[PDB]
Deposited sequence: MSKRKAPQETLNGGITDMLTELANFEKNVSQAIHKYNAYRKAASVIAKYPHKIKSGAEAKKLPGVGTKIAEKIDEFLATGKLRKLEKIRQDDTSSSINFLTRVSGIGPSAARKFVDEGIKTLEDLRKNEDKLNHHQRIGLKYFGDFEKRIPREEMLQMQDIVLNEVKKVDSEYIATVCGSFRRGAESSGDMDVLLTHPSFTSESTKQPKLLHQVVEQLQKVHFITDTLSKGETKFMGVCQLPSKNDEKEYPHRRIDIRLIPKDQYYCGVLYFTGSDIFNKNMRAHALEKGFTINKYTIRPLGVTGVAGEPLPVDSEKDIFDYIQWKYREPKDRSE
């Protein structure tokens, strides 16, 4: 972090302002991509020209790096931080359910703080009210030990509903991360295929044992909500539950396990072998989806040795 952390922080902050204030999602991801490539660069950057050599770093970011290296700051960033309107809009987006559009509209009518939000509940939708309620909790990390306890409850209640369900907790947790941002559960059932109330019954049971406390959104295939471990008080946590057809399950498991870089790498290697891999299916290049009965079958199609989630960092 001592290497280029000042630079990566700069780029991340620039990314947020492009997304939240300028509403320029592609510049946001552009800055994120540059922040990422620099964070992995194993040398202390001495000039913008040096950084320019990295994929994702272009002329403008090189110039910004040069300014930061010679001054220790960015004039535009300094001004942006001081701007009451831009900083308020940017801050409100930290509330789950409040995006750039809602944030801008709130600030336009003088609603700029959590306090302003708290006294204007009528102007918030259901999601936003929940995001406001658990503002602090949602920004907390989840230690692996708690994630394990959360997994214990999910797997137990799911099997209690129907022992033929298959549930897999994915995300960085499955790769063995020491902490998580949330819990992502992938769910399937032999009766659910692409050719032919499964989710509801699982959510219902998890609510019954007081694990799930709130609901952000819920349909026939995707639940997004809030959960909390029983106290022997634990912070409330974000949990998503996805119902996926059996024939698409393991492609989904692979995708949502990650990492993002590993997925990009696995898709690239797949393309050179004559296959295309998305989150749903794998198809020869696109023809019809190939039968997939496990994660390993995906690796075998692309002539890869089966990679354990632990080693899917890159």
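Participant: Checking coverage: what stretches of the deposited chain sequence are missing C-alpha positions?
Facilitator: 1-8, 205-208, 245-248, 302-306 are the stretches of the deposited chain that have no C-alpha coordinates in the structure.
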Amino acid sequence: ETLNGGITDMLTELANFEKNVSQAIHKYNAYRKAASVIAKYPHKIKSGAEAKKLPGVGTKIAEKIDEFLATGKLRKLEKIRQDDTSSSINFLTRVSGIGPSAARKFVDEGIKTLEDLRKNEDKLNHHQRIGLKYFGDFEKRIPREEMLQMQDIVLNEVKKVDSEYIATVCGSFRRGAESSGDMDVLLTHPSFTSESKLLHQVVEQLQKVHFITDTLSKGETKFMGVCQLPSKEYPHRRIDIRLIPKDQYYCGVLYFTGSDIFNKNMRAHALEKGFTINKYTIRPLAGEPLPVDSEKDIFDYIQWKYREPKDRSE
From here on, numbers count along this sequence of modelled residues.
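Participant: Quick check on the record: does 173-181 or 122-130 carry the larger mean Cα temperature factor?
Facilitator: 173-181 has the higher mean C-alpha B-factor.
Participant: Got a sec? Mean C-alpha B-factor, which is higher, 22-30 or 37-45?
Facilitator: The recorded data point to 37-45.
Participant: Compare the CA B factors listed in the entry for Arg141, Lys197, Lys112, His236 and report the winner.
Facilitator: Checking the PDB record, the top C-alpha B-factor among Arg141, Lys197, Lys112, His236 is at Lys197.
Participant: Going by the CA temperature factor in the PDB record, which third of the chain does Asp9 belong to: lowest, middle or highest?
Facilitator: Ranked within chain, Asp9 CA B lands in the middle tercile.
Participant: Where does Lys64 sit by CA temperature factor within its chain: lowest, middle or highest third?
Facilitator: CA B-factor rank for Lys64: lowest third.
Participant: Is the Cα B-factor recorded for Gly99 in the lowest, middle or highest third of its chain?
Facilitator: Its C-alpha B-factor belongs to the lowest third of this chain's values.
Participant: Lowest, middle or highest third: where is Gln149 by C-alpha B factor in its chain?
Facilitator: Middle third of the chain for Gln149's C-alpha B-factor.
Participant: Going by the recorded CA B-factors, say which third of the chain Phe135 sits in, lowest, middle or highest.
Facilitator: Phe135: CA B-factor falls in the lowest third of its chain.
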